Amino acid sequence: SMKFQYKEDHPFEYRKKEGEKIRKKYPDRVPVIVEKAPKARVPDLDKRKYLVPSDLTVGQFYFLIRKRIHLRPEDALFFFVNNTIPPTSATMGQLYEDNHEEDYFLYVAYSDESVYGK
């Protein structure tokens, strides 16, 4: 029951063409949409559409997103993919292949809460 607003701004056919094309142009990268979860009490990131090395781990990706967001040091942040916090040691390539949608994008939500949408 994940709701990514990005899917409302671009038609599916447009997204799928872009996802397939960017994967063909940069096979060592994965395209990722990173969006604040419903109800999250965190700011939005400056950017939503990312291109990520496939061998980067989830923990490294978290480091870089947690660094970029406008939070104080004490503030909490959690990621969700398909309603589930991803494993720190997984690669972004694995996470992408396991979870990308039919448009060839991976969708990651983030929240201050440990359960998506709370």
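Quick note: we count residues from 1 along the sequence shown, nothing fancier. Definition used throughout: the rigid core is the maximal C-alpha set that superposes within 1.5 Å between two forms.
Give, as the answer, the stretch of 67 to 75 and 80 to 88 that departs more from the shown form in 7 other deposited structures of this protein; the measure is RMS Cα distance after a core fit.
Relative to the shown form, the greater RMS C-alpha distance in 7 other deposited structures of this protein belongs to 67 to 75.
After a core fit, does 99 to 107 or 5 to 13 show the bigger CA gap to the shown form in 7 other deposited structures of this protein?
It is 5 to 13 whose C-alphas lie farther from the shown form in 7 other deposited structures of this protein.
Of 108 to 116 and 3 to 11, which one has the bigger average CA B-factor?
Averaged over C-alpha atoms, the B-factors run higher in 3 to 11.
I need to verify one thing: averaged over C-alpha atoms only, is the B-factor higher for 58 to 66 or for 36 to 44?
Averaged over C-alpha atoms, the B-factors run higher in 36 to 44.
Highest-ranked of 81, 90, 30, 71 once sorted by CA temperature factor in the record:
If I rank 81, 90, 30, 71 by C-alpha B-factor, first place goes to 71.
Please rank the C-alpha B-factors of the chain's modelled residues and tell me whether residue 24 sits in the lowest, middle or highest third.
For residue 24, whose C-alpha B-factor we compare with every modelled residue in the chain, the answer is the middle third.
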